[PDB]
file target-v4.pdb (PDB, C-alpha atoms and all ligand atoms)
ATOM      1  CA  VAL A   3      -5.810 -12.371  -0.102
ATOM      2  CA  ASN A   4      -5.565 -13.651  -3.749
ATOM      3  CA  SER A   5      -6.416 -16.862  -5.770
ATOM      4  CA  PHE A   6      -2.829 -18.219  -6.184
ATOM      5  CA  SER A   7      -2.480 -21.695  -4.545
ATOM      6  CA  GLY A   8       0.415 -24.053  -3.668
ATOM      7  CA  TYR A   9       3.244 -21.487  -3.979
ATOM      8  CA  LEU A  10       6.355 -21.533  -1.771
ATOM      9  CA  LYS A  11       7.053 -18.077  -0.313
ATOM     10  CA  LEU A  12      10.659 -16.944  -1.047
ATOM     11  CA  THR A  13      10.449 -13.330   0.217
ATOM     12  CA  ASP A  14       7.940 -10.705   1.355
ATOM     13  CA  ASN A  15       6.759 -10.342  -2.280
ATOM     14  CA  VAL A  16       8.081 -13.293  -4.387
ATOM     15  CA  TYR A  17       6.422 -16.715  -4.576
ATOM     16  CA  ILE A  18       7.356 -19.791  -6.698
ATOM     17  CA  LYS A  19       5.631 -22.992  -7.885
ATOM     18  CA  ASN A  20       6.390 -25.944 -10.241
ATOM     19  CA  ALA A  21       3.577 -25.409 -12.795
ATOM     20  CA  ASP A  22       2.921 -25.054 -16.554
ATOM     21  CA  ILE A  23       2.235 -21.267 -16.943
ATOM     22  CA  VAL A  24      -0.494 -22.043 -19.624
ATOM     23  CA  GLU A  25      -2.458 -24.180 -17.030
ATOM     24  CA  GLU A  26      -1.909 -21.776 -14.134
ATOM     25  CA  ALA A  27      -3.253 -18.801 -16.145
ATOM     26  CA  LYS A  28      -6.294 -20.829 -17.275
ATOM     27  CA  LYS A  29      -7.100 -21.727 -13.608
ATOM     28  CA  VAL A  30      -6.386 -18.340 -11.876
ATOM     29  CA  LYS A  31      -7.298 -15.807 -14.662
ATOM     30  CA  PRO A  32      -4.847 -13.350 -13.107
ATOM     31  CA  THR A  33      -5.053  -9.599 -13.790
ATOM     32  CA  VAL A  34      -1.561  -9.880 -15.451
ATOM     33  CA  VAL A  35       0.273 -12.820 -17.030
ATOM     34  CA  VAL A  36       3.832 -12.050 -18.192
ATOM     35  CA  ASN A  37       5.015 -13.353 -21.565
ATOM     36  CA  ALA A  38       8.694 -14.088 -22.306
ATOM     37  CA  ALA A  39       8.547 -12.010 -25.459
ATOM     38  CA  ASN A  40      11.081 -11.013 -28.120
ATOM     39  CA  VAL A  41      11.268  -7.506 -29.640
ATOM     40  CA  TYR A  42       9.230  -8.609 -32.720
ATOM     41  CA  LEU A  43       6.479 -10.250 -30.579
ATOM     42  CA  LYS A  44       6.985 -13.408 -32.669
ATOM     43  CA  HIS A  45       5.586 -16.037 -30.295
ATOM     44  CA  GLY A  46       7.076 -19.274 -31.850
ATOM     45  CA  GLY A  47       8.537 -21.309 -28.963
ATOM     46  CA  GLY A  48       8.862 -21.520 -25.172
ATOM     47  CA  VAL A  49       6.528 -19.473 -22.910
ATOM     48  CA  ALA A  50       5.471 -17.285 -25.935
ATOM     49  CA  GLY A  51       4.667 -20.205 -28.322
ATOM     50  CA  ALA A  52       2.755 -22.007 -25.519
ATOM     51  CA  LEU A  53       0.834 -18.912 -24.351
ATOM     52  CA  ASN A  54       0.068 -17.997 -27.958
ATOM     53  CA  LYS A  55      -1.033 -21.587 -28.816
ATOM     54  CA  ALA A  56      -3.410 -21.501 -25.791
ATOM     55  CA  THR A  57      -5.045 -18.318 -27.289
ATOM     56  CA  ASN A  58      -5.597 -20.132 -30.644
ATOM     57  CA  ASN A  59      -3.114 -17.624 -32.234
ATOM     58  CA  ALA A  60      -5.191 -14.559 -31.184
ATOM     59  CA  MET A  61      -2.134 -13.297 -29.212
ATOM     60  CA  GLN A  62      -0.033 -13.396 -32.429
ATOM     61  CA  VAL A  63      -2.731 -11.621 -34.493
ATOM     62  CA  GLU A  64      -2.972  -8.811 -31.894
ATOM     63  CA  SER A  65       0.828  -8.648 -31.641
ATOM     64  CA  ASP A  66       1.321  -8.327 -35.397
ATOM     65  CA  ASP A  67      -1.043  -5.310 -35.437
ATOM     66  CA  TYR A  68       0.914  -3.801 -32.440
ATOM     67  CA  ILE A  69       4.243  -4.139 -34.287
ATOM     68  CA  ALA A  70       2.837  -2.814 -37.578
ATOM     69  CA  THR A  71       1.748   0.361 -35.691
ATOM     70  CA  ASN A  72       4.594   0.841 -33.143
ATOM     71  CA  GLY A  73       7.648  -1.054 -34.392
ATOM     72  CA  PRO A  74       9.709  -3.446 -32.290
ATOM     73  CA  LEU A  75      10.120  -3.310 -28.511
ATOM     74  CA  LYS A  76      13.506  -2.634 -26.884
ATOM     75  CA  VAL A  77      15.448  -5.427 -25.162
ATOM     76  CA  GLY A  78      14.560  -4.767 -21.489
ATOM     77  CA  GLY A  79      11.229  -3.204 -22.497
ATOM     78  CA  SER A  80       7.587  -4.251 -22.470
ATOM     79  CA  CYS A  81       4.071  -3.571 -23.679
ATOM     80  CA  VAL A  82       0.646  -4.327 -22.247
ATOM     81  CA  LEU A  83      -1.759  -6.193 -24.574
ATOM     82  CA  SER A  84      -4.818  -8.348 -24.062
ATOM     83  CA  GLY A  85      -4.649 -11.490 -21.926
ATOM     84  CA  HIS A  86      -7.230 -13.146 -24.201
ATOM     85  CA  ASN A  87      -8.636 -16.293 -22.512
ATOM     86  CA  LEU A  88      -5.686 -16.501 -20.062
ATOM     87  CA  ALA A  89      -5.713 -13.235 -18.032
ATOM     88  CA  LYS A  90      -7.106  -9.702 -18.163
ATOM     89  CA  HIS A  91      -3.808  -8.383 -19.560
ATOM     90  CA  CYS A  92      -0.569  -9.839 -20.937
ATOM     91  CA  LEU A  93       2.596  -7.928 -20.095
ATOM     92  CA  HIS A  94       4.999  -8.836 -22.914
ATOM     93  CA  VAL A  95       8.502  -8.390 -21.433
ATOM     94  CA  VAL A  96      11.740  -8.747 -23.425
ATOM     95  CA  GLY A  97      14.574 -10.195 -21.413
ATOM     96  CA  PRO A  98      17.999 -10.420 -23.065
ATOM     97  CA  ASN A  99      18.512 -13.547 -25.181
ATOM     98  CA  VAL A 100      22.020 -14.938 -24.409
ATOM     99  CA  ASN A 101      21.742 -17.144 -27.595
ATOM    100  CA  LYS A 102      21.691 -13.731 -29.542
ATOM    101  CA  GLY A 103      24.597 -12.165 -27.503
ATOM    102  CA  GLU A 104      22.428  -9.561 -25.589
ATOM    103  CA  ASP A 105      23.738  -7.769 -22.420
ATOM    104  CA  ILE A 106      22.656  -9.761 -19.305
ATOM    105  CA  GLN A 107      22.683  -6.393 -17.352
ATOM    106  CA  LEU A 108      19.440  -5.741 -19.320
ATOM    107  CA  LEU A 109      17.745  -8.448 -17.225
ATOM    108  CA  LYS A 110      17.315  -5.985 -14.315
ATOM    109  CA  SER A 111      15.699  -3.436 -16.703
ATOM    110  CA  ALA A 112      13.348  -6.202 -17.945
ATOM    111  CA  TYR A 113      12.218  -7.090 -14.394
ATOM    112  CA  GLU A 114      11.654  -3.369 -13.571
ATOM    113  CA  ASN A 115       8.584  -3.522 -15.860
ATOM    114  CA  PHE A 116       6.909  -5.791 -13.301
ATOM    115  CA  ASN A 117       6.891  -2.921 -10.743
ATOM    116  CA  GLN A 118       4.147  -1.167 -12.800
ATOM    117  CA  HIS A 119       1.702  -3.965 -11.789
ATOM    118  CA  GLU A 120       0.582  -4.793  -8.230
ATOM    119  CA  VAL A 121       0.305  -8.588  -8.823
ATOM    120  CA  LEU A 122       1.615 -10.761 -11.701
ATOM    121  CA  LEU A 123       1.871 -14.412 -12.785
ATOM    122  CA  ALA A 124       5.269 -14.715 -14.547
ATOM    123  CA  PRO A 125       8.037 -16.984 -15.808
ATOM    124  CA  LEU A 126      11.672 -16.438 -14.987
ATOM    125  CA  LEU A 127      12.892 -13.892 -17.543
ATOM    126  CA  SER A 128      15.697 -14.887 -19.894
ATOM    127  CA  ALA A 129      15.452 -18.567 -18.722
ATOM    128  CA  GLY A 130      14.853 -21.704 -20.743
ATOM    129  CA  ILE A 131      15.333 -21.012 -24.495
ATOM    130  CA  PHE A 132      16.565 -17.396 -23.776
ATOM    131  CA  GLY A 133      19.839 -19.000 -22.519
ATOM    132  CA  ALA A 134      20.429 -17.285 -19.143
ATOM    133  CA  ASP A 135      21.130 -19.083 -15.849
ATOM    134  CA  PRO A 136      17.701 -19.427 -14.132
ATOM    135  CA  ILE A 137      19.356 -19.172 -10.664
ATOM    136  CA  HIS A 138      20.658 -15.740 -11.707
ATOM    137  CA  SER A 139      17.248 -14.769 -13.125
ATOM    138  CA  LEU A 140      15.570 -15.605  -9.787
ATOM    139  CA  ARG A 141      18.170 -13.535  -7.859
ATOM    140  CA  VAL A 142      17.605 -10.500 -10.159
ATOM    141  CA  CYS A 143      13.827 -10.959  -9.782
ATOM    142  CA  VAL A 144      14.013 -10.948  -5.967
ATOM    143  CA  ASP A 145      16.383  -7.978  -5.921
ATOM    144  CA  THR A 146      14.373  -5.898  -8.496
ATOM    145  CA  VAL A 147      10.637  -6.631  -8.273
ATOM    146  CA  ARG A 148       8.864  -4.985  -5.328
ATOM    147  CA  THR A 149       5.293  -5.902  -6.387
ATOM    148  CA  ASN A 150       3.797  -9.326  -5.760
ATOM    149  CA  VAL A 151       5.076 -11.876  -8.259
ATOM    150  CA  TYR A 152       3.985 -15.514  -8.581
ATOM    151  CA  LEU A 153       6.649 -17.394 -10.573
ATOM    152  CA  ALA A 154       5.698 -20.551 -12.531
ATOM    153  CA  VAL A 155       8.681 -22.883 -13.197
ATOM    154  CA  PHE A 156       8.042 -25.461 -15.995
ATOM    155  CA  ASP A 157      10.710 -28.114 -15.145
ATOM    156  CA  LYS A 158      10.306 -29.910 -11.770
ATOM    157  CA  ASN A 159      14.045 -30.604 -11.667
ATOM    158  CA  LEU A 160      14.810 -26.883 -12.102
ATOM    159  CA  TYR A 161      12.128 -25.867  -9.579
ATOM    160  CA  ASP A 162      13.745 -28.072  -6.905
ATOM    161  CA  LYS A 163      17.211 -26.696  -7.727
ATOM    162  CA  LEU A 164      15.945 -23.032  -7.560
ATOM    163  CA  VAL A 165      14.360 -23.636  -4.110
ATOM    164  CA  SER A 166      17.280 -25.660  -2.690
ATOM    165  CA  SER A 167      19.894 -23.076  -3.826
ATOM    166  CA  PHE A 168      17.895 -19.916  -2.860
ATOM    167  CA  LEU A 169      19.707 -17.558  -0.483
TER     168      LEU A 169
HETATM  169  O1  LIG B   1       8.760 -21.783 -18.660
HETATM  170  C1  LIG B   1       8.980 -22.240 -19.794
HETATM  171  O2  LIG B   1      10.131 -22.257 -20.187
HETATM  172  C2  LIG B   1       7.914 -22.916 -20.656
HETATM  173  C3  LIG B   1       6.625 -23.157 -20.253
HETATM  174  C4  LIG B   1       5.743 -23.832 -21.113
HETATM  175  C5  LIG B   1       6.180 -24.235 -22.369
HETATM  176  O3  LIG B   1       5.425 -24.915 -23.307
HETATM  177  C6  LIG B   1       7.463 -23.952 -22.736
HETATM  178  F1  LIG B   1       7.890 -24.295 -23.973
HETATM  179  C7  LIG B   1       8.320 -23.307 -21.885
END

call {"tool": "encode", "arguments": {"input": "target-v4.pdb", "output": "C-alpha cells", "more": "lines below"}}
Ligand SMILES: O=C(O)c1ccc(O)c(F)c1
result
Amino acid sequence: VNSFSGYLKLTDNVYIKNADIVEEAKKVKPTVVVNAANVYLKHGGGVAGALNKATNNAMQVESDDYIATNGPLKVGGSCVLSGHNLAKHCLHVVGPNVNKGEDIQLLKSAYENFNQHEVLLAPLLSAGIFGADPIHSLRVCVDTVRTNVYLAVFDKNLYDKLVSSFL
C-alpha cells in the first residue's frame, strides 16, 4: 500500500490522475519525483520551471553545480539529485524535444530510467512543451516501465483524452 490517492489504474503498474505535479509532490512527498529535464538541467519552463520554482530555485542551484562537475546529460539519460521540499529524490530525465528535432525513438530509452526506481511520481515524458504526442508518450510508458508509476497530467482536457483513447 502507498500514499497516492485518486488515480485511475491503467495497467498492473501504471496509474494516472489529472493533477498539478507541483501540488501532488507537496502532498505525497514521494521517494522519487521525475523532472522533465533538458541536457543542461536549465529548469526555465513547463514541469522543470514549475518544480524548480516550488523549490525557491534550490533545484537550479544544485543542478548548476552538477553540470559544472559532470557536463550535460544525454538525450534519453537521467541523473538523481535532491527532491528538496518536494520528494526525497528528483530523477531528472531527458526525453527527446521534438521542437529541437531529437529522435522520438529516444523516448523509450528515457522511460527505461524509471525501471531503476520501485515507485515514482512522474509527468508524461516529451509531452507539453517538449512537442511529442502525449498519447504516444503514454503508450511508450506502459510498454517500457515495469516499476510502479503514478502519472500526473496537468491539462484536464488532455487527461480525459488519454483515458478515453487508452488501449
Ligand atoms: O505537465 C506539465 O506539462 C506541467 C505541469 C505544471 C506546469 O506549471 C507546467 F508548466 C507544465

call {"tool": "residues_near_ligand", "arguments": {"input": "target-v4.pdb", "ligand": "ligand LIG 1 (chain B)", "cutoff": "12 Å", "atoms": "only C-alpha atoms and all ligand atoms", "output": "VMD selection string"}}
result
chain A and resid 19 to 27 36 to 39 45 to 56 123 to 134 136 153 to 158 160 to 161

call {"tool": "resolve_selection", "arguments": {"input": "target-v4.pdb", "expression": "the PyMOL selection byres (((chain A and resi 30) around 12) and not hetatm)", "output": "JSON, numbers by chain"}}
result
{"A": [4, 5, 6, 7, 23, 24, 25, 26, 27, 28, 29, 31, 32, 33, 34, 35, 87, 88, 89, 90, 122, 123, 152]}

call {"tool": "closest_residue", "arguments": {"input": "target-v4.pdb", "among": "A:71, A:167, A:58, A:80", "to": "residue 40 (chain A)", "atoms": "only C-alpha atoms"}}
result
A:80

call {"tool": "closest_residue", "arguments": {"input": "target-v4.pdb", "among": "A:151, A:81, A:63, A:100", "to": "residue 9 (chain A)", "atoms": "only C-alpha atoms"}}
result
A:151

call {"tool": "residues_around", "arguments": {"input": "target-v4.pdb", "residues": "residue 107 (chain A)", "least_positions_apart": "4", "cutoff": "10 Å", "atoms": "only C-alpha atoms", "output": "JSON list (two decimals) with C-alpha atoms, in the coordinates of the input"}}
result
[["chain", "number", "residue", "atom", "x", "y", "z"],
["A", 78, "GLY", "CA", 14.56, -4.77, -21.49],
["A", 97, "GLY", "CA", 14.57, -10.20, -21.41],
["A", 98, "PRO", "CA", 18.00, -10.42, -23.06],
["A", 111, "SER", "CA", 15.70, -3.44, -16.70],
["A", 112, "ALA", "CA", 13.35, -6.20, -17.94],
["A", 142, "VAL", "CA", 17.60, -10.50, -10.16]]

call {"tool": "resolve_selection", "arguments": {"input": "target-v4.pdb", "expression": "the PyMOL selection byres (((chain A and resi 83) around 10) and not hetatm)", "output": "tab-separated table (two decimals) with C-alpha atoms, keeping the file's coordinate frame"}}
result
chain	number	residue	atom	x	y	z
A	34	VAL	CA	-1.56	-9.88	-15.45
A	61	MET	CA	-2.13	-13.30	-29.21
A	64	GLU	CA	-2.97	-8.81	-31.89
A	65	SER	CA	0.83	-8.65	-31.64
A	68	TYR	CA	0.91	-3.80	-32.44
A	80	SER	CA	7.59	-4.25	-22.47
A	81	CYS	CA	4.07	-3.57	-23.68
A	82	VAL	CA	0.65	-4.33	-22.25
A	84	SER	CA	-4.82	-8.35	-24.06
A	85	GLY	CA	-4.65	-11.49	-21.93
A	86	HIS	CA	-7.23	-13.15	-24.20
A	90	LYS	CA	-7.11	-9.70	-18.16
A	91	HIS	CA	-3.81	-8.38	-19.56
A	92	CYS	CA	-0.57	-9.84	-20.94
A	93	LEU	CA	2.60	-7.93	-20.10
A	94	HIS	CA	5.00	-8.84	-22.91
